[PDB]
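What follows is one structure encoded as C-alpha cells, with my remarks underneath.
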Amino acid sequence: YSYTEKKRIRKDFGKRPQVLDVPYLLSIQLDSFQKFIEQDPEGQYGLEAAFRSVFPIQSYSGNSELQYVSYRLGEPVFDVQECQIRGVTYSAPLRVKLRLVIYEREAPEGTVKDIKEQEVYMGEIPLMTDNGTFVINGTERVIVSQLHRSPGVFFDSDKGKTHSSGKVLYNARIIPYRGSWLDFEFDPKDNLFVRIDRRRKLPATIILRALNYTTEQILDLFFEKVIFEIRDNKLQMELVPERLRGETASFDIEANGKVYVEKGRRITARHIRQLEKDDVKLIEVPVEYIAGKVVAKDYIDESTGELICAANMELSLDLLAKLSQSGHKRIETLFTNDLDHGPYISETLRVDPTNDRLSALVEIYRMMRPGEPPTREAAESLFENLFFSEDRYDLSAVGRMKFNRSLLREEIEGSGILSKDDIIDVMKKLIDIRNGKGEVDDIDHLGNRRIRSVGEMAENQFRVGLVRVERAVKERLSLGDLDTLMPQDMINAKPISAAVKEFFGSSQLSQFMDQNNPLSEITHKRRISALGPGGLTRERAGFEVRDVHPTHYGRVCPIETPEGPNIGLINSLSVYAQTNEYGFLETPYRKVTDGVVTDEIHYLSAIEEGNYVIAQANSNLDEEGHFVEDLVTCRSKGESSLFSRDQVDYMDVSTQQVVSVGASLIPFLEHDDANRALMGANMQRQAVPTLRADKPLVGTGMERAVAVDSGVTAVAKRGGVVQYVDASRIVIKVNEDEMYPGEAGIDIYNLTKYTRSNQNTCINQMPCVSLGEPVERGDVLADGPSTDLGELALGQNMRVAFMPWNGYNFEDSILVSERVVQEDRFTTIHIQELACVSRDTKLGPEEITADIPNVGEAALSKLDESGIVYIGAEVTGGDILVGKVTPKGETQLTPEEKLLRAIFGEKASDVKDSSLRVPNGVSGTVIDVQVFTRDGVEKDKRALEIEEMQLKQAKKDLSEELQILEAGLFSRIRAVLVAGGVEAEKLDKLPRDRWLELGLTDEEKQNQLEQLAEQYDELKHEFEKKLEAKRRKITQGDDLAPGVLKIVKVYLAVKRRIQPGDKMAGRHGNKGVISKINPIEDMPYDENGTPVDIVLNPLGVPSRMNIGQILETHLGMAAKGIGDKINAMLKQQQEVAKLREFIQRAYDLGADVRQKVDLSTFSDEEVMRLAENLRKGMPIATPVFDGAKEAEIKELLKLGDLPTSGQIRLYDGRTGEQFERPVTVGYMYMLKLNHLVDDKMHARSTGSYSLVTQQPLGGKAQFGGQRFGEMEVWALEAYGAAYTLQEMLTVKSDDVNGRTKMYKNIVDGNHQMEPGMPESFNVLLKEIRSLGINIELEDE
Amino acid sequence: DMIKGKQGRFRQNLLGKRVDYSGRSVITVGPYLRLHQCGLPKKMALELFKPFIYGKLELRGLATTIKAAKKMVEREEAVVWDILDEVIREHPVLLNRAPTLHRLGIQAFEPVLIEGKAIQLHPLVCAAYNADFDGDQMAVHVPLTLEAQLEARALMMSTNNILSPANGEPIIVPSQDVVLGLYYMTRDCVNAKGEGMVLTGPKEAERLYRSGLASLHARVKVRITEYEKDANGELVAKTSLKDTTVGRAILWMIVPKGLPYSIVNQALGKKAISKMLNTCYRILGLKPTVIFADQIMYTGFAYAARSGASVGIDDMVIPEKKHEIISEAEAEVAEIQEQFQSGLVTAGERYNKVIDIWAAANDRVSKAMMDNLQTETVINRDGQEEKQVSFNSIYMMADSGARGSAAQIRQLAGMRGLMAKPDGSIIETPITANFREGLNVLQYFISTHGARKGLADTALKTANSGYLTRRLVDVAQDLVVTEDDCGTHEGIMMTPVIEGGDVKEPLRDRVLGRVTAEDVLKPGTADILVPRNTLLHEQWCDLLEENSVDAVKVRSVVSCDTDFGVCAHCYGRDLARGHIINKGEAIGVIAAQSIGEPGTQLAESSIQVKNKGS
Ligand SMILES: [Mg+2]
Ligand SMILES: [Zn+2]
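Chains C and D are the protein sequences, given in the same order. The authors' numbering applies: residue 3 is where the first sequence begins, and numbers increase by one. Those letters in the second sequence? Residues 329 to 930, 946 to 957, by the authors' numbering.
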C-alpha cells in the first residue's frame, strides 16, 4: 500500500476481484481540449483544419493571393492562480504565420512578390486549466458537453395522429452538420413530397428535374416495366411467374396452347406451382385486359413524326388501335399493384406542375425568394449553394458514414456534397420501406445521438469568426490597393476575440461552476446536456424522448438526473464510459474465448454491442474464467435470456459500469428503490463543507478516486521528504531519482486559505503530513474542502435511533440532541463579497477620503485615514463599509460666505455621500480587502500594504531557493579549496563570505576559483532579474473598464450554526427539517448511559422503500462497536502483540475477501499510528452490487459483543422507564444541505415602493412582499371574505393616499379604511387611452 | 405586449399583486399546539405588528412621539415584549401554502410567540394543506381592519372548517403516528400480565399501567358508566361490566358522554377512527369534536412514544418456501419453451402462458408470505399453546392502515411482480428479488425505467391539472345565489347507479341534503312519506332506509327557475357546515375548486345471478 494508504486502511468487503481499475474521471474535458489545440502536421481535428477550410483567400480576380503557413500560441502573461486573484481571464495570445503573394497582372502566372508576415497576432484564445475549467473574468466556468442528433438520414413513421384514420405516412429527413435541411414525406394519396427546411410540401420529382433528369430517365430508373408483345395476333405479355403472387383472376389465363387458369377462378397455389415449374414466359391476353393500362414511354409516330400518346397517359381504344396499326410490337406499361407496387412517381408527376428544367428552377426560386422575377443564373446559383455547395452544405465524415450505412454501402468515406445518386437511393429506400421491405429507425438509439464536446464547438465558433473576417478582408483586398498595405493593417483581432468571449461568457451551456462540494464540481464537469443550440425545448419534448433507452446500459447513468421539470434531459454520464473517434459512446467488455474468459478488453459502441451476446459481471468464475453454472443469463440484442457456457461472446467489466459516480457513492444501492436513489444523489450533490470533515463509516471505496481526481486536494508531483510545514505552505526536498540534473532545486506548495466560492462557501486547505515524513508521487499532502487524508468526507456520522418520540418526528421531520450543537459539529462558514466602485463623472471624480458630511465620529472610528475598514474589525448592518464623497457643483457661494467656509473649513465640493454601507441584517468579520486602480497617480497606502504582503511571501520563496543553491555553491567552493593545499582548520572558523577573497597557488585551480566566483555573481544577477520581473508583474495595474477610477472589494466571513428549520438529509433519500433541540437529559439513553443523537421516524421506511438505511445502521453500529472495543483495549495499553492479534482476527473475518492486509507494517510505530487512527471506528467499504450479506453483518456484530439482531433495550431519558420491544440503534452518515433557514426567512411590514406602479418592490435584497396570486383570490372568493380581499387589494398595496391614511389611522388606534381606486387601474386607463380608444369613467 | 399576456398586465399586476404585511418561512411540526393556534417566531411578529406596537406604546404614554416608539422597539426592552404579547392575544393571522388548490389553502390561526426562525404548524391540518415537512415554505398575512378580524375568526378559522367542501366527509382525520399509537393501544393479546382481573374503572387501570403492575393490553372485566341521550335531550347513565383491554379504557377516559362504548371495543384502525369522529360529530356537535380530536392527538403521540415501535432487518421474514416455488415455476417455463421450439404453439401463446404462470407463482408466494407473517405468534397460556394475531411491527404497520398496503408489503418481502417496458408490454422474466435481498443490474435497470416514467407522469399530470382547474374556476366565477326560493316543482328523478354487478353507490348518500321535487309515497299509495320540498337530512335518509324507496325525484340546480343565479332550495345544504345554503355564497368557485384539487391522481357466455331474486 501507499504511505497515505498505510496511514489508515479501510476494511473492504466484496468478493469479486477488481480486474480493471477506475479510469481517469476527467478524461473527457482534458482529452477534448488537447485534441482541439494539438499542433499536428496532417490536418486532423484542429485549428489547422479550419484554416485549410477557409484559406486560400484569393482576391476578386485581382491576382493577389493570401496563404497560411502555421500558427503559434503565445505564452500566457498571467498564471492560473494570480489570474484568478487579479480578476482577469487566463488566456494565451494566438499568432498566425501568413504570406501575401502578388502575381503579374498581364503575364503567365508566377509569383512577382511574396512577403512573409512576422507572425501576425490575430487575438487572444482562452486556455483551459489543469482541472479542465475556464477562468473568464475571475470566475470559474464549465462548458457542458452537448448531446444532439447526428447528421445523416432518418426514416420516421409518425402514425396514430395522421388524420386519425390510420394512414401511416413515413418520412426521410436529411440533416447536415452545416447547411439547410432536407425532408421527404408522403401524403394520403401516396405522393412523396419534399419540403425545404420549414416550408410547404412540393412534389418530390421537382428535385429530380433540378438534377437535369428527363421524365423518361426517371420512369426508367424507378418503375418496373411490363411488356406487351404482339406476335401474329392479339397482344401477348412477357410474364415473370413469381409476379403472380396473390391475384384473383379477372380473365381466362391460357398459355402455350393450354388453358391454365379458368376465367373466374382466383389463381390458387396449385396453379402458381404449375406455372412456375412449367417456365411460362409469354401468354396471350384478351384485349379487355390491356384496355385499361397506362403507357410508360412517349411513343411518337416514327414515320411521320406526329405524337400520339404521351409518357404516362391512360390508354383508350383509339390509342390502342393507332398503336396496333403503326406497327409497335413491344409496349411498355407500368405495374401498378394497388397492394404492393404503387404508381408513386407517376402520380407525383401528375400533380407536379413543372415540366422542363427551367420551369423547375423557376418554381424553386419562387419558393426560396418569393416575388422577385427569377433569372436563370440566379436560380442556378441559389440552388447550387442550397444543397450542393461545399461551403454551405457539409454533412461530415461521420455524416457520410451514417449516410452510406443507411443506404447499405460498404464504403465509409465519401464526398461532403450531396450527389444525385445519393438522393435517388434515398428516395428508393423511402418508397421501399413504404412498401414494407425495411425497418424504421428509433430516435432514442445512441447510435443516432452524437456528443459535441468543447473543442468541436469552439472550432465551429472560430470558423464562424474566420468566415466573417475573410469576407471582410476579401472586400478590403478587392476595393483597396494591393501593394501598399502590409499584413497587419489588413487583419483585425477584434471580431475573433469578440466572438470567442461571447461564446465563452454569455451562452446557455457555458455556466458557473457549482462549487460547494468536490462531488458537485466533478459531477458538473462530466455532464451531457440536450439543450442549447440546435436542441429541443423542454415543453415541446415528448415523453418518448425523456425515457430511458435500453441502449444506455453502461454508458449513461439511468438514475442520476435532476427531478425538476427538465427530468430526463440531463442524464449524467456513467463511470467507465468514453467517447468514440466520432464522438459516440462506447463501453468496455471482456472478451470470451470459447471456454475461457480471457483478459483482453474491447470497447464497443451501440451498434456493435447490439449484435453480440454479452455476459453479466455478477457471474461466478473459478480461477480460469469458467462459468460455474451450465446455463448463464446474458443479453444479445437488447433482450436477456439463458445461454450455454460455450456461447457467451463478452462479459461485463465490473458491476459499477452501469451507474455514474454519484450513484456509485451511495452505499447499499442494491437495496434502494431507483426513485429514492435518484433524489438522494441529486440532493447529496448540494452538501456544504463543515468545519472539520472526518470520514464516512459506511462508504463504497470510490471516495479516494473522486477526491484525488478533483483538483481540491494538494497532491505530490515529485516524491521526496517534507522539509518545512506551515499552515500556508509545504516545502519538500526532492528525491534524487526524479531530481532534475540541471537547475532542480526543491518543490514548494503554497496553500490557499479562506476565499469565497461561487456559492458563498469557504474554501480552506489543511496540511496532512508532518516534518521529515517521506512522500511518494501521488499521495495526498493537503486536504481540500470536505475531504480527509484523500477520502471524501461529505458529512458526519452520528448515532441514530428509529422510534417515534412524542410526535416530534411526526412526519419526515428530524429530532436532534443539544449535544450536537454543543460539540459544534454542524457549524458552517459562509463568505459574502462586497464591492465599492469609484467612477469618473463629468461633474468631477468622486473621492474616497474619510471626510464625510454629517456622519458621527462613531462611523469613522473603525475607518483608517485612507477610508478602508481595519482588518479584523467586527461590523454590523448599516455600518459604513467604505467612505466615498459625491462632488457638488455650482455652489456659487457669496464672498463673505466663502470666507466663513474658509475659517470653518466647510467643503463646497462635498456635501453629499456615496459611501457604501453594510447590507441590512448581515454581520461578520472583514477577513480580506483588495484594491484595483485603473489610473491612480501613485499606489494608495492600502495598495502599498497589500503589495508588500504579497511581495514579502514571493521574496521569501525566491530567497529560500537561492539560499539552497548558495549552500551548494559554498560546499563546492570548499571542496575545490581543499584541493591545492588543504585548509580546514583556519577556514571553518572564519566566516564563509571570507572564502572568495582567499587565494591559492597559481594553477588551473585559480581558474576554477574564478569560475566559481563568476558563477556566484551569475546566480545573484539571475535571482535579481527574476525577482525584479516578478515584482513588476505583481505591481502593474490590472486594466479596468472605461470610466471606472478604482474598485475596493471587501470579504466578510460569517459563522452560521445549525438551528431549527434547516434541512438535513441522509444518503438514501430520507429528508427532514430539524424541529427541536432537546436537552441532553431528555434524550433516550441505553443502560450504559450513552444518549442517542438523532431520533428518526420509522414510518418513513415502508412507503419510501429505501431499505439501505437499515443495513447502513446495522453496519455502522458494528463498526462503532469494534472501534469502541479497540479504544478500550488501547487506553489500557496492554502490548503490541495483543493489538496485532486482535486487529488481524478482525481484518480477516472469514474468507473469499480481496483484502490481504496487516503485519507488513513496522512492528510497533506504524501499527500504533494505524490503531490511533482507527480507534474512532474502522471504516468499511461495501461496493454497490458486490456488497455485504446479512450473515457478515451478524458476524461483525458478534465480534463486537453486541446482539446479533441489531436491537437493544433502551431507557426513556425523560421518565427512565424501559421501552417495550427493543429498537434498532446505530450510526448513520448524514449531511447538511445548503438550504439554511436564515436565508429563507423573510418578513416586511412597510417599506420602499416601486417607481412606476406604486406597489412594494419584488425581491429579498430589498424587503419585498409575497405575491397574492389569482388562485388565492379564488380561495378567498369561495369564502364570503369581501372586506379582507378589498383591503388586501387597495389599502395594502395600490392606494397611495389609502396607505398613508391607513398608517396614520392604525397608529391612532382606530381600525377603518377608505378604499379609493387602485393606481394600477389608472395606469391601465392611461395605456388604453394611448391607443385610439376613448375609455371614460362615467358618472350620473 | 405590455397589455396582453402573463408578464404584461391583468394576470401579473391586476390579479396577482404583492401585498404588504406578509412573510414567508419553513414549516415545522410543533405537536404541543392546540388545533386553533400556530407557533410564530418573535422577530417576524414584531416586524409585522410594528405599527400596532407604536400605537399601543403611545396610548400607554411610555413614548412621547413616534420616533421614541421606534427607538424603544430598536432597544427591545421587556415592556415591548409584554405589549406585543398583549396585542397579539386575539388577533388572528392568515396562513397560505404556495399551490392554493382549494379554499383550504388559506386558513386563519391565533399565533403564539416562540423562539426560533421556523413557523410551527398544527399537525392535523397538514392533510388539508397537502403540506410536507421537507423544505416546503408558507406565507403569512395579517388582517388589519375590524371586519377582517371578524371574517377570519368566523369564516376561516380552523375549527369552523372541518368538513371538506367537495364531499361531506371529515378532512382532519388522523394521519399516521396517531393511528399507529391508537392501534397499538387497542389491540389485545391472548395472555399477558394481569389477565382477567376486574377493575372498578379506568383510573385504576391507569394506576396499574403506570406502575408496571399490568400490561397496556390484557383482557379484563371493567365496570363502566356510559351516557346516552336517548330521550328528548336527556342523558341516561347505563353502567355495566364489559370485557375489554386496559388500553381501550385508557382511551375511554377522553371520550365524551354521547358515544357508545362499542365504538372503542374493536381493533380501532383507520376506518374505525374515521367513523368514530363521524359519529362524535353527528351526535354531540362541533366543540366536543374539536376537543376530542385534540385529546386523541395528544394521547396517540404519548403512547406511540411509550410503545417504542421500530424496524430491524430481521423483522421482515423471507418465506421459507419461496425458492421452491420459483424453481418450480422456472422448470415449468423451461418445459413450455422447449415445447415451443418444436413448433406446436405460436410465440404469442407461449408468451401468454408464461405471463400467466408467472402471475400465478407471484400470487402463491404472496399468499405464503402473508400466512407466514400474519398469525405466527404461538405464545403459551398456563398449559398448552395457542396462536393469535401477531404483534410484528411491520405487520401492525400494514394491518392498521397507518402506512403501506398489501402491495408494498409484497414489494418489501416477496418478489416484486411484473414490470412494463416503455411501450407498455410486460417483460417475460419478473424481478424475483426484493429489497431485503439484493437485485442485480437487469432488474434494477427495469425498475429504474418504471420510476422514471412515473415521475415524468406526475410532473406533466400536475401541469395539466393546474391548467384545467384554472379554466374551471374561470368559467363558473360569476354564478351567485341571488334568490331565496324560486318555487318550482321540477326536479330530476335520482336513482342509485347500479353499474353491472352490484350497487356501486347507494341511494342514501346520493340523496342526503337534497330537497325533494314532490312527496314520495310508501310502496302503498296515499302514504305520504315526505311533504313537498323538504331538505333531506340524515334523519329523513334513515327513515327512507327503514322503508324501501328506490328512486326519488329531487330538485336540482339545473332545473332551478331563478333568473341570473340559483335559489337556496334548488341547491340544498351540503357544505363544511350542515345547514341549508345561505343566500350570497359563491357556489361556482367552490364547485370549481372541489372538482379541480383532487385532480392530481388521474367469453361472456352465461349470466349468473349473485343473490336469490326474481
Ligand atoms: Mg415539502
Ligand atoms: Zn330554484
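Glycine residues also receive a C-beta, built at the ideal position from the N, C-alpha and C atoms.
* **For C:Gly1039 and C:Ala746, the rounded distance between their alpha carbons** => 33 Å
* To do: Run down chain D in chain order and give the residues with a C-beta less than 9 Å from the C-beta of C:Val550.
  => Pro750, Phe773, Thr776, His777, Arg780, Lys781
* Under 7 Å from any heavy atom of ligand 2, does the C-beta of residue 296 of chain D make it? -> Beyond the ends of chain D as shown, which are 329 and 957, falls residue 296 of chain D; an answer cannot be given.
* Asked: Hey, quick one: how far does the beta strand (DSSP E) through C:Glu126 stretch, first residue to last?
  -> 122-128
* Asked: Given a threshold of 16 other Cβ atoms within 10 Å of its Cβ, counted over all protein chains shown, does D:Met330 qualify as buried or as exposed?
  -> exposed
* Is D:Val506 buried or exposed, if buried means 16 or more other CB atoms sit within 10 Å of its CB? -> Using a 10 angstroms sphere on the CB of D:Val506, the tally of other CB atoms reaches 16 or more, which defines it as buried.
* Asked: Roughly how many angstroms separate the alpha carbons of C:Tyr62 and C:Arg473, rounded to a whole number?
  -> 11 Å
* Asked: Quick one: what's C:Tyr70 bridged to in DSSP?
  -> C:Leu100
* Asked: C:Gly809 to D:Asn680, Cα distance in whole Å?
  -> 50 Å
* Could you tell me whether any Cβ in chain C is nearer than 8 Å to the Cβ of D:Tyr382? => yes
* **Residues near ligand 1, criterion Cβ-heavy atom distance below 5 Å** => D:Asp460, D:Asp462, D:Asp464
* To do: Please state whether DSSP places residue 1429 of chain C in a helix, a strand or coil.
  => Since the displayed chain C opens at 3 and closes at 1342, residue 1429 of chain C lies outside it and no answer follows.
* Which stretch, first to last residue, makes up the beta strand (DSSP E) that contains C:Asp483? -> Counting along the chain, C:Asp483 falls outside any beta strand (DSSP E), and DSSP gives it neither H nor E.
* Cβ of C:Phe629 within 8 Å of any chain D Cβ -> Look at C:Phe629: its C-beta is not under 8 Å from any C-beta on chain D.
* Asked: Is it right to say C:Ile603 is buried, meaning 16 or more other beta carbons lie within 10 angstroms of its own, or is it exposed?
  -> Exposed: under 16 other Cβ atoms inside 10 Å.
* Asked: From which residue to which residue does the alpha helix (DSSP H) around C:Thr135 run?
  -> From DSSP, C:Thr135 is part of no alpha helix (DSSP H); its letter is neither H nor E.
* Give every residue of the same chain whose Cβ lies closer than 8 Å to the Cβ of D:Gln340, excluding the five residues on either side of it in the sequence, and list them in chain order. => Cβ within range, chain order: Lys334.
* Given D:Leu796 as reference, the closest of D:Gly924, D:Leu587, D:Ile755, D:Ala595 once Cα atoms are compared -> Residue D:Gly924 is the option with its Cα nearest to D:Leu796.
* Any chain D beta carbon closer than 8 Å to C:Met653 -> no
* To do: Could you name the residues of chain C that D:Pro359 contacts, counting a contact when the two beta carbons are closer than 8 Å?
  => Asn808, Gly809, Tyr810, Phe812
* **Nearest neighbour of C:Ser166, chosen from C:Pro190, C:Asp158, C:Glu240, C:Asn173 [CA to CA]** => Between C:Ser166 and the set C:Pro190, C:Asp158, C:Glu240, C:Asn173, the nearest pair of CA atoms involves C:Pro190.
* Do the segment 872-882 of chain D and the segment 1239-1250 of chain C meet, that is, are 3 or more Cβ pairs less than 8 Å apart? -> no
* Output yes if chain C places a C-beta closer than 8 Å to the C-beta of D:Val440; else output no. => no
* What residue range is occupied by the uninterrupted beta strand (DSSP E) comprising D:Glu556? -> From DSSP, the beta strand (DSSP E) with D:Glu556 extends over 548-556.
* Residue span of the beta strand (DSSP E) that contains C:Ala852, given as start and end -> Here C:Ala852 belongs to no beta strand (DSSP E), and DSSP marks it neither H nor E.
* Any idea if D:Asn489 is buried or exposed, counting beta-carbon neighbours within 10 angstroms, 16 or more meaning buried? -> buried
* Asked: Under 7 Å from any heavy atom of ligand 2, does the C-beta of D:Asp889 make it?
  -> yes
* Asked: In chain D, which residues lie with their C-beta within 8 Å of the C-beta of C:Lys1073?
  -> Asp462, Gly463
* Any beta-carbon of chain C closer than 8 Å to the one on D:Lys378? -> yes
* **Buried versus exposed call for C:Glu1321 [16 or more other C-beta atoms within 10 Å across all chains shown]** => If you draw a 10 Å sphere on the C-beta of C:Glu1321, you find 16 or more other C-beta atoms in it, and that means buried.
* So, are the CB atoms of residue 941 of chain D and D:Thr627 less than 8 Å apart? -> A gap in chain D, from 930 straight to 946, means residue 941 of chain D has no coordinates in the model shown.
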